[PDB]
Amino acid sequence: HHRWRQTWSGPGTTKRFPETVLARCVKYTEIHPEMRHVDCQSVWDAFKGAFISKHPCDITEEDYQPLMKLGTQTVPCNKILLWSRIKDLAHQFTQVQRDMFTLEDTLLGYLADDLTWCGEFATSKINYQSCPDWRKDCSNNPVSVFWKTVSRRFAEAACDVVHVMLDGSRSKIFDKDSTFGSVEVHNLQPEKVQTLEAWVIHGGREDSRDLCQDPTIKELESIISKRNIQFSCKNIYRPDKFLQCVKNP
């Protein structure tokens, strides 16, 4: 239904995308002995097969099913850090706390982190010139559909206390139309998950106020309360101090 077009608003496929995905797969399987059964060439073939020779506004979650089977990974359900609009500090945290996982510390998340990719209708060519922007061109693009599909499975995997980092400086601390807000929160399984604990990260403001009563936090509390999951909210006033303190536990 999307209009045929050859130029997009977004950045092109990242330079050396095929080589980068293969190298990242090799590196991840070296770090994680429990994933050395993975054939990284086969993973790349499944990844390429998801988006090559398709109009990059007509991508479906089913297109990624071969990649999702090969990238199947058991991740410790009680050691998950979700995040929304604060990837920088979330990744700093799991670099310190190496027994904790964000989505981008899993094989598939690690492969795709900070990369862009798309193909072209009626050719076998990866488009290095431009790729669809989610806002300016179309929602159902290779990158957006990939992150939706892996994020749902990651959220489904969570148990016990799930932590989520949020940016307290933003106009919407919790945005319901974010990936966290529209996919991840709605796939936290009741009973399996005991509690969602929000960590609200503060910015530079001098008039530092309790952000855990913000209407968007009440919105998040309401969503997870209706899933029969307990809600907790923590103000993180000094994220620099938090990241130094986090080393102990």
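So that there is no doubt, residue numbering starts at 1 and follows the sequence shown.
Two stretches are in play, 137 to 145 and 104 to 112, and the higher mean C-alpha B-factor belongs to 137 to 145. Averaged over Cα atoms, the B-factor as recorded in the entry is higher for 200 to 208 than for the other of 200 to 208 and 215 to 223. Take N78, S171, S84, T94 and read off each C-alpha B-factor from the entry; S171 has the highest. Ranked against the other modelled residues of its chain, the C-alpha B-factor of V26 as given in the entry falls in the middle third. In the PDB entry, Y128 places in the middle third of its chain by CA B-factor. Sort the modelled residues of the chain by CA B factor and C57 lands in the highest third. In the deposited entry, the Cα temperature factor of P33 places it in the highest third of its chain's modelled residues. In this PDB entry, the Cα temperature factor of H163 sits in the bottom third of its chain's modelled residues, the lowest group.
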